[PDB]
């Protein structure tokens, strides 16, 4: 029943600027109203580009009031180039005074869960509950950022998978992603749906069919992005290419 907003920008650069400015404003707003912002970060070129923009325009925010979580990450070493958290570190977090006690990265392959990816996912579920309000099992994320693949995948939720079918668990292990690397930890649709707002930031014609399918009410098991819905609103931030199958 929540509101849906679709914004279209000329190209990837205009999209990233607009999305990064929207994020700066959303963080400022949450700090002004509650003295706290809870943001779920994503990986991917566009998602990281948005963080580089935030560094450019909002380095002066009070980061001690900003708390960051991840929607997914790759089960590889901490400083591996394929880590979403390390990419956000290099794009933004290492360049500001951001206390590490506020940073909540997912486990990596050196975290001593070893081959037990499911235990690693349980651990992140425990972290979500510890950082939630009393009696809640997940923070009320102010914004969950998302990228989307050409098949509509979001976080590491792929079509026709157990992860996208999960209705109870908030975090699960993915042993078999068809996009490299195969092993990830991911927030599920129920976790995404704890967010006040979910923003999908999407660029390129290769994604236009999936965007249209998702806006057009596909089953999330067929097109995972269709399940990515905020409590207050869902926001599609597109370039014209990614929007080219919408009206």
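Positions refer to the first chain, counted from 1.
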Completion exercise
Comparing 53 to 61 with 31 to 39, the higher average Cα temperature factor in the PDB entry belongs to 53 to 61
Handout entry: 186 to 194 or 206 to 214, whichever carries the higher mean Cα B-factor
Key = 206 to 214
Problem - From 156, 126, 84, 111, residue of greatest CA B-factor - result: 111
Practice task
Select one of 71, 152, 135, 107: the residue whose C-alpha shows the highest B-factor in the crystal structure entry.
Solution key: 135
Completion exercise
residue 147: C-alpha B-factor third of its chain, per the entry, is the lowest
Practice task
Give the position of residue 163 by CA B-factor within its chain, expressed as the lowest, middle or highest third.
Solution key: middle
Problem - Modelled-residue ranking by C-alpha temperature factor, third containing residue 12 - result: highest
Problem - Lowest, middle or highest third - CA B-factor, residue 172 - result: lowest
Handout entry: residue 117 CA temperature factor, ranked by third within the chain
Key = highest
